[PDB]
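Q: Supplied in structure tokens, the structure appears directly below.
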Amino acid sequence: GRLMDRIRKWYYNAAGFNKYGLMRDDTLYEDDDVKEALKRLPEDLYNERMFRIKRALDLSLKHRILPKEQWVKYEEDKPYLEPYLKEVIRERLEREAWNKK
Amino acid sequence: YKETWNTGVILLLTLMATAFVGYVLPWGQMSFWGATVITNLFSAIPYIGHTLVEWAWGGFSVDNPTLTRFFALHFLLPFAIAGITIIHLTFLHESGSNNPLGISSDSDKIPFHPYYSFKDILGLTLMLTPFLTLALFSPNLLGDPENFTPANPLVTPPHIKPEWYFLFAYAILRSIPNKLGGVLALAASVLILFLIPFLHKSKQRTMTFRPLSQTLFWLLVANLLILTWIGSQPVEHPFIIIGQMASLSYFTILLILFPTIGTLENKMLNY
Amino acid sequence: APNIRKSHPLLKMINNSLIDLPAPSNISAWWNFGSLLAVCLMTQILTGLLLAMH
Amino acid sequence: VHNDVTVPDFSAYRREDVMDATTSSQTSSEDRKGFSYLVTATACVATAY
Amino acid sequence: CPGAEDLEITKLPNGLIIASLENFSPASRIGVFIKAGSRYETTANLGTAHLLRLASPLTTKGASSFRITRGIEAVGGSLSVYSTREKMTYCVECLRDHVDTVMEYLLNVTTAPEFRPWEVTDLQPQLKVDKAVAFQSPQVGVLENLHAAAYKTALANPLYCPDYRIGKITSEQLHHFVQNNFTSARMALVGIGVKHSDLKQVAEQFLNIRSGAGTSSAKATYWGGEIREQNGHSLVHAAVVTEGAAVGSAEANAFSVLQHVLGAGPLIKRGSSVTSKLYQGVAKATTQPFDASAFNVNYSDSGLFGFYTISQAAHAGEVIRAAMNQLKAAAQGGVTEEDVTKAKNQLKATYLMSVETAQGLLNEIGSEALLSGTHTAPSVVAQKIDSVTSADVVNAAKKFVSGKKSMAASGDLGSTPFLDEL
Amino acid sequence: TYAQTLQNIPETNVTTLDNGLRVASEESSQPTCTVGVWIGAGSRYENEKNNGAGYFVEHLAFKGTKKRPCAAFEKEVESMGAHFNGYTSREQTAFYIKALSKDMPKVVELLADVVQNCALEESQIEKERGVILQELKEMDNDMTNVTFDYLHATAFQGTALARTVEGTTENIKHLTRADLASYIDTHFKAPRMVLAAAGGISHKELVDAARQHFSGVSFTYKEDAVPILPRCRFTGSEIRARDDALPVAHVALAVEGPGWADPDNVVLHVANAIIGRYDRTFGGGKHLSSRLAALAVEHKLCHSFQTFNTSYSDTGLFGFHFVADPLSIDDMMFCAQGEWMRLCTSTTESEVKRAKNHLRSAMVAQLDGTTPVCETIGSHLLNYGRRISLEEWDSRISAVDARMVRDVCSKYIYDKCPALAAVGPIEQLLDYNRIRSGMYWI
Amino acid sequence: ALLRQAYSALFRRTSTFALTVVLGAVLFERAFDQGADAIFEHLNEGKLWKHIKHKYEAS
Ligand code: HEM
Ligand code: HEM
């Protein structure tokens, strides 16, 4: 069945970060890994995220949001950083494990 | 922002000691009696209990030698608060303020002045109004009338309870029947703040985009309201049980629910 | 930074004014009064509080 | 040139044990340090008291 | 127990040559040899060869930059990349017991580079550095400008990434450069200190970027130019050459011997070179200290020959002139049948000495196995060296004096002469 | 297997001539070879008045002998394709030749003719005098050696070892045909010399050719006895040659070493193997295994750094050297001293296991060719009195473990007053006192 | 040699240096007090209550 898919889409809409025009990955808290991850993003993706983020902040300061039309649709939310971030973590765990041996 | 936060907890603790000793100064029924019950609590600490209390009291019971050292403490602590506030803001400035969306705000920062100097001066008058309205129209709306009676060691008031801002913990104190456990529970009720940073499981910083965590948050608030209320009522049914219930939900929410719902939330985002 | 004494927002302060602080090599005993005045102060406040509590 | 450079004579200041340029200074080291440290360890004890 | 083994040397379908030689040394030294280098660069990707050289410790598909370094170090291993304008060698060293371990990384580096955009991006500023320490030797500065004045392409291409291109090379360029040059028919898996079967089993059942000759280097076209760098140094370096002999050519041995007859380096510490006509001739001309030598390079499809001279500024004129007269004087039959015999022997020795070094051997062995597929016996290379007439030498000499000369100099050249003044 | 390849390494033959000289060599199947005489002489053996002679001598050792003057001597060697090289340190001098095994004997002759009959032509001296004088000016600009000199200059201040191998400016300006002659006649003697060789040479054919040109016999018992040197006293101290005009700063720090004979030297080496070395051109960069190297990279602490265990007959220097920019000297030093402390208090088996392999590979590479082997034979005898084979070294290295590295380093580094030398724009590096305290508590 | 030994067992390791300062203090107190009290009393023979106490000590 599609239970898991029903839930996710629900939570995705429940969270509501898409009303700001942000993408799942735009909301990631910038801890050590996410930091390295971002540095690896190709310039075009970096600049775009930056605009998105800056735009979201401006909405926040304005106490507004984007018109329904412009909201990020669950199925079109691009996971632009996730791939990078995973390797960044793969790498770390390797080092962490190796320095132990 | 761990260090900003940890100094913060220290400010709270300090403010408590300060406001506690302050309240004894007018030496009224409640001043004295509250001081006698609250300070005696430590007597439950094993072996070094009684000693530590009689030391603090400067004698065998709250008497003149206490009143003086409290006045001393009360005059002192505020200044320590001021000092520590400087440290608080010092750590704070390392990172800069956080913001409602919880995402890096470097792409859009503004000079404190005039934006926030103005915004704060506005928020100052917005709150200051109710403060003055109260302080001037309903002066004793919050104070126990029992404190208009000079302290008298031969008349225990019917219901000895601390100031409102303490009730919530006084409540958790009576939840655990056992002089010792209840003290610790009290201590933990506030010291728990030091753990918050280590109980953050969400991949996001704020709760702006975490509806689950949000109700959990407002639940907890409501929970504190009830605890406050319980603290104000006597120790009898149905209060006693509601008390223990609220006290339990308090620690459960901060120690188990929050971090758990946090993790669950990550899976629902496909993280 | 490598050592905590310099990076930490607080130790950094204690360091730049009591540990790695540049001092002339030829100052005499007449410069000892700054510190004394300081100690002198902490001592008054300590004994003072103690007295105020009675 | 650096070849024309030599360390002055510290005989005026050297301790008795490291006075002779032909005797291993290591043998008297534990003594020289043991003393100074002994002085220090004592200052602590006094202070502690 | 351990004795005399015989240098084996297979060759697979795709053309990948595998040389090997067990000399029972307590330590090994495997190495991938390749037909690549700044020679194959185009105005559009200059430096990519260089950067590639520095990029050896970046992540691969089977090992991470972290594991590659930590891994090799865990067993006292070593990993290095040496390269000329037309050859790149990737070799590693370690103790017999850890070859199989060090091998993986070696394999990974040469046939599985990922050249991640970031890793690369953060590596490029290095060129600025690596290039700055090398140019501390004026010796290297003139040679770069030499090839520049000696050619119009292929070889004229600098060995160190040109300044303007630093930080402009791309992962693609690195990838392409590799896919087009590091092809099985341009590679050799030479390996001293191992059993041939073992080294073979690695190559085949492991190496996968393959087949073909890929991009082909344009013919080295001679120019005959003159580049002069006025910088102010009290010492002037100068090099005057002429198209010389190629590798694998018969006219090769001729120049080497002429080289030694003229003088190729001192053999006595702080000593004068009497056997060095060039050194000796110059010595009778100038009074202040200097140095002069017979410069000789042999490349795949061309070569360079002439002399090289480090001298005081004011006396750069006298020193270069001399080095010349001494070259013409050689062409005008000024060579003794003995001079030729002395040379031939210095050459034989020098050759034989520059092979004791495990590195020197692995290098000699591989060079052939790449531009040939064979191993010329030591008695043969000798039988080939002495078999050089007195004439042959005087002929080489002629060629230099007749051919078009290209010079390259650097320093306070105020008194140094131009190519058309010799 | 590694193990076997070691056992199968041919032995080093050592036989002593009735006159006291020792002839040693390792025979391989190699057509070329290296033979030479390694001497127990050097600046240490000099004194205030002749300091530099051994070097001035080095400058003339090749300018011809009595039997065959300059032109001839040079011409006779070049023409056979042989390479003649040599050097001189504080406690060791050596002249060696690289030529085909076929000339092993004619070589031996030449050698003996150099050490025994140096021309010392009055006219040559006055020239090499101007030459050496310039070599000093060129070396004066090599901060790395200007530093190690100063290091010694103070680590052994007031003693024989505190002298530069090249010597004073005065000493070189006035040394005489006599003093030089005297030095040779006083120091270059059979019992203190070793004719070593390696390549495709027959010990016999060698030893035979030895007795032939090294015949000079001794009569008295004194002539058979090698003189023991008055020892040098170490001193925890510092010397700071400042010059903000130099682009980078050079720092060297060290405690006293144990001396050739001591076994601990093996562990000490295993130790430095852990700290190792760095230099901006190491590609490993941030992943290098050496903690100091990493920090160096992560924090741009320096341009390079090296650990060393310079040994001597009765003493030594165990420390490190680094080149840094004026503003990163302190962090660098700070981190460095950190690692030394880490050695003493918390070394890991993982660390040593590696350090060992790195060391093994090191010893093996020290014997890469004939000159290097010959240099090892010429030295082992002169210092250890015999030859230590890789087979042995390995066993001594294999036996080292963490617990062991700790104890030793503690024994030689912990809470010891070190000798320090700084050159350049060293303002940020400061106070001996502070540095002294970096000598304890990890 | 005590200075040598002392150094080795007491002053070399920071941990033992501390242990010495403590135990050293504990013993120093005990002895410095007794001694000074002793000195003070002899310097004041027959003046302290401790001295004349016996005269009225009779329950
Ligand atoms: C004497 C009491 C205190 C004073 C005067 C004080 C003052 C401040 C000030 C001026 C700020 C910056 C503006 C703002 O965000 O409000 C601040 C921020 C902050 N304070 Fe306090 N504080 C006090 C108590 C506390 C306590 C009890 C805690 C929590 C246990 C705390 C936690 C913080 C933190 C985390 C910030 C960061 C705000 C952000 O998210 O950007 N403070 N405080
Ligand atoms: C700036 C340092 C201080 C100075 C120079 C100072 C000076 C004095 C002086 C001259 C007196 C009179 C003493 C006498 O002869 O009786 C005094 C008394 C007193 N001080 Fe301070 N004082 C200082 C700080 C304090 C502080 C910080 C406190 C406590 C908050 C304090 C509390 C008192 C009290 C309670 C007395 C009265 C009891 C007495 O006279 O002994 N003092 N002080």
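All residue names refer to the structure tokens as shown: chains lettered A, B, ... in order, residues numbered from 1 in each chain, ligands numbered from 1 in order.
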Check which residues fall inside 6 Å of ligand 2 when counting only C-alpha atoms and all ligand atoms, and print them as a list in words.
A: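 Selection of residues at most 6 Å from ligand 2: residues 41, 44, 45, 48, 49, 51 and 52 of chain C.
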Q: Write out as a count of residues only the residues lying within 9 Å of residue 29 in chain F, counting only C-alpha atoms and excluding same-chain residues fewer than 6 positions away.
A: 3
Q: Might you pull out every residue within 9 Å of residue 177 in chain F, with only C-alpha atoms counted and same-chain residues fewer than 6 positions away left off, and present them as a VMD selection string?
A: chain F and resid 120 to 122 125
Q: List as a ChimeraX atom specification the protein and nucleic acid residues lying within 9 Å of ligand 1, with only C-alpha atoms and all ligand atoms counted.
A: /B:1-15,78,81-82,84-86,88-89,92-93,95-100,102,193-194
Q: With only C-alpha atoms as the counted atoms, please give the residues lying no more than 9 Å from residue 41 in chain D, apart from itself and same-chain residues fewer than 3 positions off, as a PDB file with N, CA and C atoms, in the first residue's frame.
A:
```
ATOM      1  N   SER D  36      64.958  23.026  43.751  1.00  0.00           N
ATOM      2  CA  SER D  36      64.051  24.095  43.348  1.00  0.00           C
ATOM      3  C   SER D  36      62.606  23.677  43.530  1.00  0.00           C
ATOM      4  N   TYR D  37      62.277  22.487  43.035  1.00  0.00           N
ATOM      5  CA  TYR D  37      60.924  21.978  43.186  1.00  0.00           C
ATOM      6  C   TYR D  37      60.596  21.807  44.666  1.00  0.00           C
ATOM      7  N   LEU D  38      61.563  21.311  45.441  1.00  0.00           N
ATOM      8  CA  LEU D  38      61.369  21.152  46.875  1.00  0.00           C
ATOM      9  C   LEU D  38      60.983  22.491  47.485  1.00  0.00           C
ATOM     10  N   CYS D  44      53.792  25.824  48.550  1.00  0.00           N
ATOM     11  CA  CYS D  44      52.405  25.388  48.428  1.00  0.00           C
ATOM     12  C   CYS D  44      51.892  24.969  49.799  1.00  0.00           C
ATOM     13  N   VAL D  45      52.628  24.071  50.448  1.00  0.00           N
ATOM     14  CA  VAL D  45      52.263  23.602  51.776  1.00  0.00           C
ATOM     15  C   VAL D  45      52.010  24.779  52.725  1.00  0.00           C
ATOM     16  N   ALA D  46      52.909  25.766  52.738  1.00  0.00           N
ATOM     17  CA  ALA D  46      52.744  26.940  53.600  1.00  0.00           C
ATOM     18  C   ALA D  46      51.449  27.619  53.235  1.00  0.00           C
TER      19      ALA D  46
ATOM     20  N   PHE G  11      58.281  15.093  43.097  1.00  0.00           N
ATOM     21  CA  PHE G  11      58.148  16.253  42.241  1.00  0.00           C
ATOM     22  C   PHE G  11      58.034  16.068  40.735  1.00  0.00           C
ATOM     23  N   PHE G  17      53.077  15.340  42.845  1.00  0.00           N
ATOM     24  CA  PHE G  17      53.487  16.603  43.434  1.00  0.00           C
ATOM     25  C   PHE G  17      52.328  17.109  44.275  1.00  0.00           C
ATOM     26  N   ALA G  18      51.121  16.987  43.729  1.00  0.00           N
ATOM     27  CA  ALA G  18      49.912  17.414  44.426  1.00  0.00           C
ATOM     28  C   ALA G  18      49.684  16.579  45.685  1.00  0.00           C
ATOM     29  N   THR G  20      51.805  15.178  47.440  1.00  0.00           N
ATOM     30  CA  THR G  20      52.797  15.597  48.418  1.00  0.00           C
ATOM     31  C   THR G  20      52.376  16.885  49.109  1.00  0.00           C
ATOM     32  N   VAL G  21      51.923  17.860  48.331  1.00  0.00           N
ATOM     33  CA  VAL G  21      51.497  19.137  48.893  1.00  0.00           C
ATOM     34  C   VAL G  21      50.386  18.980  49.918  1.00  0.00           C
ATOM     35  N   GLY G  24      51.710  16.697  52.784  1.00  0.00           N
ATOM     36  CA  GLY G  24      52.720  17.567  53.360  1.00  0.00           C
ATOM     37  C   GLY G  24      52.086  18.633  54.235  1.00  0.00           C
TER      38      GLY G  24
END
```
Q: Considering only C-alpha atoms, extract the chain F residues located within 10 Å of chain G and return them as a VMD selection string.
A: chain F and resid 414 to 415 440 to 441
Q: Please provide as a list in words all residues within 8 Å of range 106-122 of chain B, with the sequence filter that same-chain residues fewer than 4 positions apart are discarded (counting only C-alpha atoms).
A: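 Listed by chain and then number, they are residues 50, 53, 54 and 57 of chain A; 126 of chain B.
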Q: Could you pull out the strand (DSSP E) residues of range 59-149 of chain F from DSSP and send them as a ChimeraX atom specification?
A: /F:83-88,93-100
Q: Show me, as a PyMOL selection string, the residues of chain B whose atoms get within 10 Å of chain C, using only C-alpha atoms for the distance check.
A: chain B and resi 58+64-73+76+87+90-91+93-94
Q: If you measure from CA of residue 392 in chain F to CA of residue 357 in chain F, what distance in Å do you get, rounded to one decimal?
A: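 Computing it gives 14.8 Å between the two atoms.
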Q: Within 6 Å of residue 19 in chain A, counting only C-alpha atoms, which residues show up once you throw out same-chain ones fewer than 4 positions away? Write them as a ChimeraX atom specification, please.
A: /A:65-66,71
Q: What lies within 8 Å of range 37-54 of chain B using only C-alpha atoms, ignoring chain neighbours under 5 positions off, as a list in words?
A: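 My reading of the contact set: residues 59, 60, 61, 160, 179, 180 and 183 of chain B.
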Q: Output N, CA and C atoms for every residue in that selection, as a PDB file, in the first residue's frame.
A:
```pdb
ATOM      1  N   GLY B  59      21.962  30.123  63.306  1.00  0.00           N
ATOM      2  CA  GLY B  59      21.447  29.758  64.614  1.00  0.00           C
ATOM      3  C   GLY B  59      20.605  28.496  64.608  1.00  0.00           C
ATOM      4  N   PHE B  60      19.543  28.482  65.399  1.00  0.00           N
ATOM      5  CA  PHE B  60      18.694  27.308  65.490  1.00  0.00           C
ATOM      6  C   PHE B  60      17.373  27.421  64.759  1.00  0.00           C
ATOM      7  N   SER B  61      17.086  28.622  64.278  1.00  0.00           N
ATOM      8  CA  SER B  61      15.851  28.887  63.561  1.00  0.00           C
ATOM      9  C   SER B  61      15.970  30.235  62.867  1.00  0.00           C
ATOM     10  N   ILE B 160       1.201  27.818  53.985  1.00  0.00           N
ATOM     11  CA  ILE B 160       2.502  28.402  53.714  1.00  0.00           C
ATOM     12  C   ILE B 160       2.920  28.009  52.323  1.00  0.00           C
ATOM     13  N   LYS B 179      10.518  13.367  51.888  1.00  0.00           N
ATOM     14  CA  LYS B 179      11.301  14.577  51.994  1.00  0.00           C
ATOM     15  C   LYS B 179      12.527  14.621  51.065  1.00  0.00           C
ATOM     16  N   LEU B 180      13.318  13.551  50.993  1.00  0.00           N
ATOM     17  CA  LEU B 180      14.502  13.581  50.132  1.00  0.00           C
ATOM     18  C   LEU B 180      14.227  13.575  48.631  1.00  0.00           C
ATOM     19  N   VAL B 183      12.913  16.836  47.258  1.00  0.00           N
ATOM     20  CA  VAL B 183      13.888  17.905  47.106  1.00  0.00           C
ATOM     21  C   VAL B 183      14.566  17.723  45.770  1.00  0.00           C
TER      22      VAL B 183
END
```
Q: Define the interface residues of chain A facing chain B as those within 8 Å, counting only C-alpha atoms, and report them as a ChimeraX atom specification.
A: /A:7-8,11-12,14-17,24,26-30,50,53-54,57,60
Q: Calculate how many Å separate CA of residue 180 in chain F from CA of residue 274 in chain E, rounding to one decimal.
A: 26.4 Å
Q: If you run DSSP on the backbone, which residues of chain G are helix (DSSP H, G or I), as a ChimeraX atom specification?
A: /G:2-11,14-42,49-55
Q: Got a sec to pull out which chain A residues are within 10 Å of chain F, counting only C-alpha atoms, and send them as a ChimeraX atom specification?
A: /A:95,99-101
Q: Please write the residues from the selection above to a file, keeping N, CA, C and O atoms, as a PDB file, in the first residue's frame.
A:
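Full text of selection.pdb as output:
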```pdb
ATOM      1  N   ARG A  95      36.780   7.958   8.773  1.00  0.00           N
ATOM      2  CA  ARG A  95      37.824   8.531   9.607  1.00  0.00           C
ATOM      3  C   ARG A  95      37.619   8.224  11.080  1.00  0.00           C
ATOM      4  O   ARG A  95      38.531   7.779  11.760  1.00  0.00           O
ATOM      5  N   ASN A  99      40.583   6.072  12.914  1.00  0.00           N
ATOM      6  CA  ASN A  99      41.412   6.622  13.981  1.00  0.00           C
ATOM      7  C   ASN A  99      41.325   5.789  15.254  1.00  0.00           C
ATOM      8  O   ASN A  99      42.189   5.884  16.123  1.00  0.00           O
ATOM      9  N   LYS A 100      40.270   4.985  15.355  1.00  0.00           N
ATOM     10  CA  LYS A 100      40.050   4.120  16.512  1.00  0.00           C
ATOM     11  C   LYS A 100      40.947   2.882  16.464  1.00  0.00           C
ATOM     12  O   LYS A 100      41.653   2.579  17.433  1.00  0.00           O
ATOM     13  N   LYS A 101      40.915   2.169  15.339  1.00  0.00           N
ATOM     14  CA  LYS A 101      41.731   0.965  15.168  1.00  0.00           C
ATOM     15  C   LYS A 101      43.153   1.190  15.686  1.00  0.00           C
ATOM     16  O   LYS A 101      43.525   0.492  16.656  1.00  0.00           O
TER      17      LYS A 101
END
```
Q: Pull out every residue of chain F that has at least one atom within 8 Å of chain E, counting only C-alpha atoms, and report them as a PDB file with C-alpha atoms, in the first residue's frame.
A:
```pdb
ATOM      1  CA  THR F   1      59.119 -13.363   2.406  1.00  0.00           C
ATOM      2  CA  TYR F   2      60.580 -10.189   3.941  1.00  0.00           C
ATOM      3  CA  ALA F   3      62.061 -12.284   6.747  1.00  0.00           C
ATOM      4  CA  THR F   5      65.215 -11.719   1.989  1.00  0.00           C
ATOM      5  CA  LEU F   6      66.904 -10.389   5.109  1.00  0.00           C
ATOM      6  CA  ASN F   8      69.875 -13.996   2.615  1.00  0.00           C
ATOM      7  CA  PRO F  31      79.775  -4.490 -11.818  1.00  0.00           C
ATOM      8  CA  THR F  32      80.238  -1.092 -10.257  1.00  0.00           C
ATOM      9  CA  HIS F  59      89.594  21.157   0.416  1.00  0.00           C
ATOM     10  CA  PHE F  62      91.815  16.090  -3.963  1.00  0.00           C
ATOM     11  CA  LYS F  63      94.071  18.884  -5.248  1.00  0.00           C
ATOM     12  CA  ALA F  71      96.608  17.918 -13.104  1.00  0.00           C
ATOM     13  CA  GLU F  74      92.523  14.667 -11.580  1.00  0.00           C
ATOM     14  CA  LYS F  75      93.190  13.473 -15.102  1.00  0.00           C
ATOM     15  CA  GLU F  78      88.237  11.376 -14.575  1.00  0.00           C
ATOM     16  CA  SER F  79      89.673   9.212 -17.370  1.00  0.00           C
ATOM     17  CA  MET F  80      88.555   6.009 -15.643  1.00  0.00           C
ATOM     18  CA  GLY F  81      85.023   7.262 -15.057  1.00  0.00           C
ATOM     19  CA  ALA F  82      85.360   7.152 -11.271  1.00  0.00           C
ATOM     20  CA  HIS F  83      83.611   9.609  -8.980  1.00  0.00           C
ATOM     21  CA  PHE F  84      85.577  10.990  -6.054  1.00  0.00           C
ATOM     22  CA  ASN F  85      83.607  12.443  -3.156  1.00  0.00           C
ATOM     23  CA  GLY F  86      84.049  13.038   0.553  1.00  0.00           C
ATOM     24  CA  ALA F  99      84.026   3.196  -9.933  1.00  0.00           C
ATOM     25  CA  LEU F 100      83.742  -0.184 -11.624  1.00  0.00           C
ATOM     26  CA  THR F 281      54.675  19.809  -0.794  1.00  0.00           C
ATOM     27  CA  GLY F 283      50.276  15.745  -0.929  1.00  0.00           C
ATOM     28  CA  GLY F 284      48.875  13.780   1.996  1.00  0.00           C
ATOM     29  CA  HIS F 287      45.136  13.190   6.028  1.00  0.00           C
ATOM     30  CA  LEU F 288      48.742  12.623   6.835  1.00  0.00           C
ATOM     31  CA  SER F 289      49.005  10.286   9.784  1.00  0.00           C
ATOM     32  CA  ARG F 354      53.207   2.259  12.015  1.00  0.00           C
ATOM     33  CA  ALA F 355      56.236   4.209  13.186  1.00  0.00           C
ATOM     34  CA  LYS F 356      58.045   0.870  13.076  1.00  0.00           C
ATOM     35  CA  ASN F 357      57.147   0.066   9.476  1.00  0.00           C
ATOM     36  CA  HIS F 358      58.112   3.571   8.529  1.00  0.00           C
ATOM     37  CA  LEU F 359      61.406   3.045  10.325  1.00  0.00           C
ATOM     38  CA  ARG F 360      62.048  -0.372   8.752  1.00  0.00           C
ATOM     39  CA  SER F 361      61.492   1.065   5.301  1.00  0.00           C
ATOM     40  CA  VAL F 364      66.406  -0.414   4.162  1.00  0.00           C
ATOM     41  CA  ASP F 368      70.061   1.939  -1.636  1.00  0.00           C
ATOM     42  CA  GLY F 369      73.102   1.592  -3.829  1.00  0.00           C
ATOM     43  CA  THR F 370      76.774   1.028  -3.157  1.00  0.00           C
TER      44      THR F 370
END
```
Q: Could you tell me how far CA of residue 295 in chain E sits from CA of residue 398 in chain E, in Å to one decimal place?
A: 15.6 Å
